[PDB]
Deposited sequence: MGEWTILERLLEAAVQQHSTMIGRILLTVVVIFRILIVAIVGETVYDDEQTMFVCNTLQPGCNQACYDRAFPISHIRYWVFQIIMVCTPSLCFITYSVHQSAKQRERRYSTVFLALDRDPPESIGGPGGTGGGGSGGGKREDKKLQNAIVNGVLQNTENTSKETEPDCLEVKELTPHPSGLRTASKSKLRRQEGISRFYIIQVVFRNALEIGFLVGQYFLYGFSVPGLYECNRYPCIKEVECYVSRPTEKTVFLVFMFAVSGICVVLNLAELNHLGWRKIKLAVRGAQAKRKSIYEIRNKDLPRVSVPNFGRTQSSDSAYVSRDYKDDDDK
């Protein structure tokens, strides 16, 4: 039972990396070029876009992907320099669990579960409140849901292994 867990964890990790690397960068290419607001004021588009999307999804996902694989690099470097291993194993497993749970919660609190098509903006220099229109909301919603599902699976597997070792 615990034999297949490692295989499934590795396959899920590789799948997530490949999906993020091959396709993600071209959905978000024209995010700001195709953002439009109903106004004649110079500088309102910049402020309203910056308020609507403080950090892009793809930047967050790349950062998370790189950060969640650091314990393995530390373990490999330690083993290479050596050339209490179980203590290092346990510590790295715990750290991986904590990092993954933290990142999942942060994603939920940053983005939610959908991308709406309209936005209401009231930042200077825009006069009172204006309405702005988003590009490709449906595809971005699908991406959000898919990423959340994959991260949940990863968390479940890590908890399973942690409870297996005891």
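Residues of the deposited sequence missing from the coordinate set occupy positions 1 to 18, 102 to 193, 277 to 331.
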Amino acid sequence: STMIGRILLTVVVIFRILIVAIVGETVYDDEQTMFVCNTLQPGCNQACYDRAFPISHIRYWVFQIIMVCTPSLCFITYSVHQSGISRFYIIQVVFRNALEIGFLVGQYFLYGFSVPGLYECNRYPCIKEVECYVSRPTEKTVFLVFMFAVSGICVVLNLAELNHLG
From here on, numbers count along this sequence of modelled residues.
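Coordinates for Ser86 are present in every one of the other compared entries of this protein that model residues on both sides of it, well short of the third needed to count it as often missing.
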